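Novice: Can you read through this structure? Questions will come right after.
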Amino acid sequence: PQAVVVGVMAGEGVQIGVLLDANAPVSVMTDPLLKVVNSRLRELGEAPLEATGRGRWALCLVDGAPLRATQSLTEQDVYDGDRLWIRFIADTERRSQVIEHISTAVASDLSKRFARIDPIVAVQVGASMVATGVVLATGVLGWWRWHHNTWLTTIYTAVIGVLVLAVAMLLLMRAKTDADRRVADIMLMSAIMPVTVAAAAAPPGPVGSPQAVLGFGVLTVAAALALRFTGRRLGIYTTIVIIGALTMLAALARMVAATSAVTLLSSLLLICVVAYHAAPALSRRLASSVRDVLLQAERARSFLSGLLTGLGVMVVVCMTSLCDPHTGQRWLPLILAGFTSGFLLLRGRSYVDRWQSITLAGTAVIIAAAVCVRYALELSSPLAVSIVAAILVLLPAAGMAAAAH
Amino acid sequence: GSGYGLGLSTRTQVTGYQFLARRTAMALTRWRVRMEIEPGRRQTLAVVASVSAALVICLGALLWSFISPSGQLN
Amino acid sequence: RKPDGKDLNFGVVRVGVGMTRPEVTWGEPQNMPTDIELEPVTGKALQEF
């Protein structure tokens, strides 16, 4: 315990392993330490460290935060095998500017700390507004199809889909930089929705199972096509493909022949339940040499996050539909939902990622809350709402206390 | 003294204050004070014209009521 | 540091930070109007400056 070995980072990126005294104060070691790293750099033939104007030499964490000069290395939470960084930190002292006339002062000050609008952001705003407009257009066009069996809905939506897709192609080819690519992506992704309903609206007669088969099918293809040719925005496209694929299976079965929805919903629930265990394997396999490895790594991490999200959406829709408050042994699906939620609530710790762990934990909470709220709406009475309120308010309070304590 | 409390003031002082208010109001919105054109005043006078035109129509409606009296169910 | 007359820093020591007179030299406004003749806005502006 008298000494600890740590890796020290020096100028421009050389790492050196050193055995430091665990109890002397850090300020006593920084000077001779600087000499040693320079000697090794001199022997290697690299440029040694040198001072520039006004500043001082410091020892910092890899995060850059400096260590207290008077405390002992053991007094700080530094353990054998850790790593540190020696650095030159410049002087910040300077004159203090002043402006006595208030009106001028407000302008000269306010213009430094905040950002004003510019042409680069402006295009993203306009692009964002047109994306919103078309998804609104499909909604009203879709509502008309629910009362009339005429060809108008498919006829109108098809031309929009073509025009929107047309503009995106030009931008994709003319794009030069990431900002430019953002604009193209937003435009391209916005075309899938009109094209999708344009197809699903084509089959005549009252809307239902036969139309559903077309919609989710072309949707799956469209998302897969964009993902294949673009190779960007992996997370969202992955999700659309998953939910589209599973929904098409249900649509086809229900369209051909199905004894009950409970049977289909139960099948989907089981498929989703097992998919959670397979997700990490699927994600890992779906994915100067360092560039390829880093690119591979983020692509994989991206796939798992999207994969988890697609599964989370399906279970809450099925689960809340299965636990009917009037059908048969009403208590059976309620406790089954509990067991299913407990599994997800516990499983969240198996993943290191912040957002991945949060979505899983939230998936359980949202199911419980959604299920609880339904029992307030249906089979309504003062007891029901009163109980739903007490449960929902205590529920998270217990979880927060259990996590903070 | 320190100018505290209510009192009396000249016309020269009143426009002076009314000018500093406009200049400072511009700074918070445009972040500049050259005021090559002063849109603040122009935009306000348009409101006055809008209100004034509305009152003129009220006076117009009032005179018609004296030229040819009538009444409405109530 | 050198003592040979031209080095103005010889014998000078730093003790802290504070206020000081700038190297600029301000010229008084000519033909100043009487106090009863002063405009209110520009008067305070120049006074604070």
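The numbering of chain A matches Swiss-Prot: 18-304, 344-461, in order.
Note: Cβ is positioned from N, Cα and C throughout, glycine not excepted.
Feature table excerpt (Swiss-Prot):
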- A:137-157: transmembrane segment (TRANSMEM)
- A:169-189: transmembrane segment (TRANSMEM)
- A:200-220: transmembrane segment (TRANSMEM)
- A:224-244: transmembrane segment (TRANSMEM)
- A:250-270: transmembrane segment (TRANSMEM)
- A:272-292: transmembrane segment (TRANSMEM)
- A:359-379: transmembrane segment (TRANSMEM)
- A:382-402: transmembrane segment (TRANSMEM)
- A:413-433: transmembrane segment (TRANSMEM)
- A:439-459: transmembrane segment (TRANSMEM)
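Would you situate these features in the structure and describe their surroundings?
Specialist: Long-range contacts of the transmembrane segment (A:137-157) within the same chain: residues 174, 177, 181, 196, 199-200, 203-204, 206-207, 210-211, 214, each at least 6 residues beyond the stretch ends and with a Cβ under 8 Å from a Cβ of the stretch.
Listed as Cβ neighbours of the transmembrane segment (A:169-189) (distance under 8 Å, sequence separation of 6 or more from its ends, same chain) are residues 151, 154-155, 158-159, 161-162, 197, 200-201, 204-205, 207-208, 211-212, 214-216, 218-219.
Long-range contacts of the transmembrane segment (A:250-270) within the same chain, counting only residues at least 6 positions beyond its ends with a Cβ under 8 Å from a Cβ of the stretch, are 202, 206, 209, 226, 229-230, 233-234, 236-237, 240-241, 243-244, 281, 285, 288-289, 355, 358-359, 361-363, 365-367, 369-370.
Sequence-distant contacts of the transmembrane segment (A:382-402) (same chain, at least 6 residues past either end, Cβ-Cβ under 8 Å): 286, 290, 293, 371, 375, 416-417, 419-420, 423-424, 427, 434-435.
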Novice: Residues sitting near the transmembrane segment (A:200-220): Cβ under 8 Å, six or more positions beyond its termini, same chain?
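Specialist: Residues 140-141, 144-145, 147-148, 151-152, 154-155, 158-159, 162, 168, 170-171, 174-175, 177-178, 181-182, 184-185, 188-189, 192, 227-229, 231-232, 235-236, 239-240, 243, 247, 249-250, 253, 257.
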Novice: Which stretch from A:272-292, A:359-379, A:413-433 shares the most C-beta pairs under 8 Å with the transmembrane segment (A:439-459)?
Specialist: A:413-433
